[PDB]
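**Q** Take this structure, written in structure tokens, and hold onto it; I'll ask about it next.
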Amino acid sequence: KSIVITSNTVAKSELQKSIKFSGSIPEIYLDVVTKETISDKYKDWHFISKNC
Amino acid sequence: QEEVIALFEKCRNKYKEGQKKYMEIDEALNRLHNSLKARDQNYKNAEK
Amino acid sequence: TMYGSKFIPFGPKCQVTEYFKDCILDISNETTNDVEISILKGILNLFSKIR
């Protein structure tokens, strides 16, 4: 019955999938990014969306 | 077999009520966490 | 964006800033609010103090 962790699991997962980065991407970064809920610091206009 | 099937009925009822309690408590805890963060920011701004 | 222009300047005696602050203190409760309200209160106080 219990299958998700709050709403972060889907958000963290689908941020992780579309990440366009070849490195580590620690889960702490995904957790702090996907758990803002107060300010829109991490959501902004991105004209460049692919690796240069 | 009747006792065991009644045991499963009570077990499943307790299971469902436990999950209802778990969802209620988790929802309350998440709401309290977000509210606490907002209140902390508000208090810091007001104090400054 | 508004503050600092010819229309809404910094200063203590402007009427517009007083009206803005009057509304901000109306909504502000400091117990269960959006953080933007407190941020506005602080920013408006700072801009009111700027001569």
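Residues in the structure tokens are numbered from 1 in each chain, the chains being A, B, ... in the order shown, and ligands are numbered from 1 in the order shown.
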Neighbours of residue 33 in chain C within 8 Å (only C-alpha atoms; same-chain residues fewer than 2 positions away dropped), as a PyMOL selection string?
**A** (chain B and resi 38-39+42) or (chain C and resi 28-31+35+37)
**Q** Up to 12 Å from chain C, what residues of chain A turn up? Count only C-alpha atoms and give them as a VMD selection string.
**A** chain A and resid 37 to 40
**Q** Counting only C-alpha atoms, a student should be able to say which residues of chain B come within 12 Å of chain A; what is the right answer, written as an mmCIF file with N, CA, C and O atoms, in the first residue's frame?
**A**
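This went into part_5.cif:
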data_model
loop_
_atom_site.group_PDB
_atom_site.id
_atom_site.type_symbol
_atom_site.label_atom_id
_atom_site.label_comp_id
_atom_site.auth_asym_id
_atom_site.auth_seq_id
_atom_site.Cartn_x
_atom_site.Cartn_y
_atom_site.Cartn_z
ATOM 1 N N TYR B 15 -4.961 -3.741 9.360
ATOM 2 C CA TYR B 15 -3.986 -3.290 8.373
ATOM 3 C C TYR B 15 -4.454 -2.013 7.687
ATOM 4 O O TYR B 15 -3.693 -1.043 7.563
ATOM 5 N N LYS B 16 -5.717 -1.989 7.258
ATOM 6 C CA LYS B 16 -6.267 -0.807 6.606
ATOM 7 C C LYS B 16 -6.325 0.378 7.560
ATOM 8 O O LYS B 16 -6.002 1.509 7.176
ATOM 9 N N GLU B 17 -6.729 0.147 8.814
ATOM 10 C CA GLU B 17 -6.803 1.256 9.762
ATOM 11 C C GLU B 17 -5.410 1.757 10.130
ATOM 12 O O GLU B 17 -5.211 2.961 10.332
ATOM 13 N N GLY B 18 -4.429 0.856 10.194
ATOM 14 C CA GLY B 18 -3.062 1.278 10.430
ATOM 15 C C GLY B 18 -2.521 2.118 9.294
ATOM 16 O O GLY B 18 -1.829 3.111 9.523
ATOM 17 N N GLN B 19 -2.830 1.739 8.051
ATOM 18 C CA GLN B 19 -2.407 2.566 6.925
ATOM 19 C C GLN B 19 -3.131 3.907 6.906
ATOM 20 O O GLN B 19 -2.544 4.928 6.532
ATOM 21 N N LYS B 20 -4.408 3.926 7.284
ATOM 22 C CA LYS B 20 -5.108 5.202 7.386
ATOM 23 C C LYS B 20 -4.443 6.106 8.416
ATOM 24 O O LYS B 20 -4.214 7.296 8.157
ATOM 25 N N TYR B 22 -1.329 5.916 9.354
ATOM 26 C CA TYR B 22 0.003 6.250 8.864
ATOM 27 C C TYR B 22 -0.050 7.385 7.847
ATOM 28 O O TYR B 22 0.766 8.310 7.899
ATOM 29 N N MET B 23 -1.010 7.335 6.920
ATOM 30 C CA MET B 23 -1.230 8.452 6.000
ATOM 31 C C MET B 23 -1.607 9.732 6.733
ATOM 32 O O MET B 23 -1.086 10.806 6.412
ATOM 33 N N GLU B 24 -2.502 9.646 7.721
ATOM 34 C CA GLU B 24 -2.883 10.849 8.457
ATOM 35 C C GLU B 24 -1.681 11.469 9.157
ATOM 36 O O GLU B 24 -1.457 12.685 9.072
ATOM 37 N N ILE B 25 -0.873 10.642 9.822
ATOM 38 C CA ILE B 25 0.264 11.153 10.578
ATOM 39 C C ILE B 25 1.345 11.677 9.640
ATOM 40 O O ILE B 25 1.968 12.707 9.914
ATOM 41 N N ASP B 26 1.584 10.992 8.519
ATOM 42 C CA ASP B 26 2.589 11.462 7.573
ATOM 43 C C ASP B 26 2.174 12.785 6.941
ATOM 44 O O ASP B 26 3.003 13.688 6.770
ATOM 45 N N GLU B 27 0.894 12.916 6.583
ATOM 46 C CA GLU B 27 0.394 14.171 6.036
ATOM 47 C C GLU B 27 0.520 15.296 7.053
ATOM 48 O O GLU B 27 0.966 16.403 6.718
ATOM 49 N N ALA B 28 0.148 15.025 8.308
ATOM 50 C CA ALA B 28 0.284 16.031 9.354
ATOM 51 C C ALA B 28 1.741 16.428 9.551
ATOM 52 O O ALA B 28 2.050 17.609 9.725
ATOM 53 N N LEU B 29 2.651 15.452 9.515
ATOM 54 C CA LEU B 29 4.063 15.744 9.727
ATOM 55 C C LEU B 29 4.641 16.566 8.584
ATOM 56 O O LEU B 29 5.421 17.495 8.818
ATOM 57 N N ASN B 30 4.280 16.240 7.342
ATOM 58 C CA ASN B 30 4.766 17.024 6.210
ATOM 59 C C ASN B 30 4.232 18.451 6.260
ATOM 60 O O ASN B 30 4.978 19.416 6.024
ATOM 61 N N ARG B 31 2.941 18.605 6.571
ATOM 62 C CA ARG B 31 2.375 19.943 6.693
ATOM 63 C C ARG B 31 3.053 20.724 7.810
ATOM 64 O O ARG B 31 3.358 21.910 7.648
ATOM 65 N N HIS B 33 6.102 20.281 8.941
ATOM 66 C CA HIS B 33 7.463 20.606 8.523
ATOM 67 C C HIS B 33 7.482 21.841 7.631
ATOM 68 O O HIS B 33 8.268 22.774 7.851
ATOM 69 N N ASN B 34 6.611 21.868 6.618
ATOM 70 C CA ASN B 34 6.569 23.028 5.730
ATOM 71 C C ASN B 34 6.151 24.285 6.485
ATOM 72 O O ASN B 34 6.728 25.365 6.286
ATOM 73 N N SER B 35 5.157 24.160 7.369
ATOM 74 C CA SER B 35 4.714 25.302 8.158
ATOM 75 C C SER B 35 5.822 25.802 9.072
ATOM 76 O O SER B 35 5.983 27.010 9.253
ATOM 77 N N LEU B 36 6.594 24.886 9.661
ATOM 78 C CA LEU B 36 7.695 25.287 10.529
ATOM 79 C C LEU B 36 8.764 26.035 9.754
ATOM 80 O O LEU B 36 9.310 27.028 10.244
ATOM 81 N N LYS B 37 9.089 25.571 8.547
ATOM 82 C CA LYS B 37 10.079 26.290 7.747
ATOM 83 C C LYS B 37 9.585 27.690 7.391
ATOM 84 O O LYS B 37 10.334 28.676 7.501
ATOM 85 N N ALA B 38 8.315 27.801 6.989
ATOM 86 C CA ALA B 38 7.755 29.113 6.674
ATOM 87 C C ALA B 38 7.757 30.026 7.897
ATOM 88 O O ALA B 38 8.105 31.209 7.799
ATOM 89 N N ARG B 39 7.373 29.491 9.058
ATOM 90 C CA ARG B 39 7.341 30.290 10.278
ATOM 91 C C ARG B 39 8.739 30.713 10.698
ATOM 92 O O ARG B 39 8.927 31.814 11.221
ATOM 93 N N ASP B 40 9.731 29.846 10.494
ATOM 94 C CA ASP B 40 11.106 30.208 10.813
ATOM 95 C C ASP B 40 11.573 31.371 9.950
ATOM 96 O O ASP B 40 12.180 32.328 10.450
ATOM 97 N N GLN B 41 11.288 31.311 8.646
ATOM 98 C CA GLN B 41 11.656 32.428 7.778
ATOM 99 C C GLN B 41 10.934 33.707 8.189
ATOM 100 O O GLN B 41 11.541 34.787 8.240
ATOM 101 N N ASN B 42 9.637 33.601 8.496
ATOM 102 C CA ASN B 42 8.871 34.773 8.907
ATOM 103 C C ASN B 42 9.434 35.383 10.183
ATOM 104 O O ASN B 42 9.582 36.608 10.283
#
**Q** In Å to one decimal, how far is CA of residue 18 in chain C from CA of residue 45 in chain B?
**A** 19.6 Å
**Q** Quick one: residues within 12 Å of residue 30 in chain A, only C-alpha atoms, excluding same-chain residues fewer than 2 positions away - as number ranges by chain?
**A** A: 8-19, 24-28, 32-36, 42
**Q** Tell me which protein, DNA and RNA residues are within 12 Å of residue 40 in chain C, counting only C-alpha atoms, leaving out same-chain ones fewer than 2 positions away, and put them as JSON, numbers by chain.
**A** {"B": [42, 45, 46], "C": [17, 20, 21, 22, 23, 24, 25, 27, 28, 34, 35, 36, 37, 38, 42, 43, 44, 45, 46, 47, 48]}
**Q** One number please: CA of residue 46 in chain A to CA of residue 1 in chain C, in Å, one decimal.
**A**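 Pair CA of residue 46 in chain A / CA of residue 1 in chain C returns 21.3 Å.
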**Q** Quick one: distance from CA of residue 6 in chain C to CA of residue 49 in chain C in Å, one decimal?
**A**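 CA of residue 49 in chain C lies at a distance of 17.1 Å from CA of residue 6 in chain C.
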